[PDB]
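Residue numbers (the entry's author numbering): 696 to 722, 724 to 748, 752 to 858, 875 to 987, 989 to 990, 1006 to 1019.
Ideal Cβ placement from N, Cα and C applies to all residues, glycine included.
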Ligand SMILES: Cn1c2ccccc2c2c3c(c4c5ccccc5n(CCC#N)c4c21)CNC3=O
């Protein structure tokens, strides 16, 4: 017997927000933008998704339903929607992009304290979705966004298939559980420790299911101590009850984050990251 979803959905007028520049274009287009709530003397940096009638509106409006329902410091938040001829989604702006790109561009300047802190925040976000009884079903470094290098947030929980990230039981039996999300968390962590590398690269997706059944897994990254890899491997067990809980993954990585140089060995680790008067971040602007 689930409890009522009392989340508020906000409808915004197109006059309230302006599109400065486009962050990404597809046959939907995402704009960097600013949002001035009516009569508030506030300007909020936003990302606006717009669609070129498609009747894929059931898919976008479902995504918006999930984002309004969640509130967490490590989960992405939806500010409102705009019921224009082509429906617009307004979300908080993550200036530094997805964590996958961020890790690949800055590999040479990213330290071990950052890596460990990211794994903590992701596990915090995923632990929230567990509390809300929400199964992400598609965790991957591409679906974690970077508000600042110090602060990342999970995205895309509302929804080619990502076989390389999927648990084995999901591949065989289309079974999705929080414990299948822990597996995908292990691949994500692996992506960050490998500085954005591609898992099972050069391997066809059909082969991967039998590979796992043999007991083969992703290899240990070079920076990774056995303690950190050990945690990744625990995520990739066949028996989902054997894998760690997100609540345990916060704990373990938090312990490592206190002495980061003991769990990750990166060369030059110590030496190694980045009218606006009324601008406030969305996280400072909340309405009640
Ligand atoms: C490409 N991209 C960015 C590049 C640099 C900085 C931010 C983004 C960004 C953002 C979003 C999105 C977003 C939201 C829904 C669908 C696609 C989105 N993209 C681009 C997709 C890719 N890659 C976004 C995006 C949603 N909020 C974003 O910041």
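Evaluate the contact criterion for the region 753-772 versus the region 796-812: three or more CB pairs, one atom per stretch, below 8 Å. Pairwise C-beta distances place the region 753-772 out of contact with the region 796-812, as fewer than three of them are shorter than 8 Å.
Could you tell me which residues DSSP puts in a beta bridge with residue 720? Working through the chain shown from its first residue, we reach residue 720 at position 25. Residue pairing of residue 720 in beta bridges, as defined by DSSP: 725.
Can you list, in chain order, the residues of its chain whose CB lies under 6 Å from that of residue 942, leaving out five sequence neighbours each side? As a working mapping, residue 942 is identified with position 227 in the chain shown. Counting only Cβ-Cβ distances below 6 Å, and skipping sequence neighbours, we find 978.
My output table needs one value for residue 1018: the three-state DSSP class, helix, strand or coil. Residue numbering aside, residue 1018 sits at position 287 when the chain shown is read from its first letter. DSSP places residue 1018 in coil when its eight states are reduced to three.
Hey, is residue 797 close to ligand 1, as in C-beta under 7 Å from one of its heavy atoms? Along the chain shown, one-based indexing puts residue 797 at 98. For residue 797, the shortest separation between its Cβ and any heavy atom of ligand 1 lies below 7 Å.
Using a Cβ-based criterion (distance less than 7 Å to any ligand heavy atom), does residue 852 qualify as near ligand 1? Counting from 1 along the chain shown, the entry for residue 852 is found at position 153. False, no ligand heavy atom lies under 7 Å from that Cβ.
List the DSSP bridge partners of residue 737. Mapped onto the chain shown, residue 737 falls at position 41. BP columns for residue 737 are empty, so no partner.
Could you check how far apart the C-beta atoms of residue 740 and residue 728 are, in whole angstroms? I think they sit under 8 Å. As a first step, residue 740 is located in the chain shown; it is residue number 44 there, counting from the start. As a first step, residue 728 is located in the chain shown; it is residue number 32 there, counting from the start. Not really, about 12 Å apart at Cβ, beyond 8 Å.
8 Å CB neighbourhood of residue 924 in its chain, flanking five on each side removed: As a first step, residue 924 must be located in the chain shown, where it is residue number 209. 878, 883, 886 and 887.
How about residue 959 and residue 812: are their beta carbons less than 8 Å apart? As a position in the chain shown, residue 959 is number 244, starting the count at 1. As a position in the chain shown, residue 812 is number 113, starting the count at 1. Taking 8 Å as the Cβ cut-off, residue 959 and residue 812 do not qualify as a contacting pair.
Please indicate yes or no: does the CB of residue 714 lie closer than 7 Å to some heavy atom of ligand 1? Indexing the chain shown from 1 puts residue 714 at position 19. Checking every heavy atom of ligand 1 against the Cβ of residue 714, none is found closer than 7 Å.
Shorter than 7 Å, the distance from the beta carbon of residue 897 to the closest heavy atom of ligand 1, or not? In the chain shown, the residue the question calls residue 897 occupies position 182. Set against 7 Å, the gap from the CB of residue 897 to the closest heavy atom of ligand 1 is not smaller.
Whose C-beta lies closer than 7 Å to the C-beta of residue 742 among residues of the same chain, with five residues either side of it excluded? As a working mapping, residue 742 is identified with position 46 in the chain shown. Excluding the 5 residues flanking it on each side, residue 742 has same chain C-beta neighbours closer than 7 Å at 712, 729, 730, 731, 778, 789, 790, 791 and 792, in chain order.
In this structure, does DSSP put residue 708 in helix, strand or coil? Position 13 of the chain shown, counted from the first residue, corresponds to residue 708. Correct three-state label for residue 708: coil.
Would you say the beta carbon of residue 767 is closer than 7 Å to some non-hydrogen atom of ligand 1? Walking along the chain shown from the start, residue 767 turns up at place 68. False, no ligand heavy atom lies under 7 Å from that Cβ.
Does ligand 1 have a heavy atom nearer than 7 Å to the CB of residue 844? Here residue 844 refers to the residue found at position 145 of the chain shown. Correct: residue 844 has its Cβ closer than 7 Å to ligand 1.
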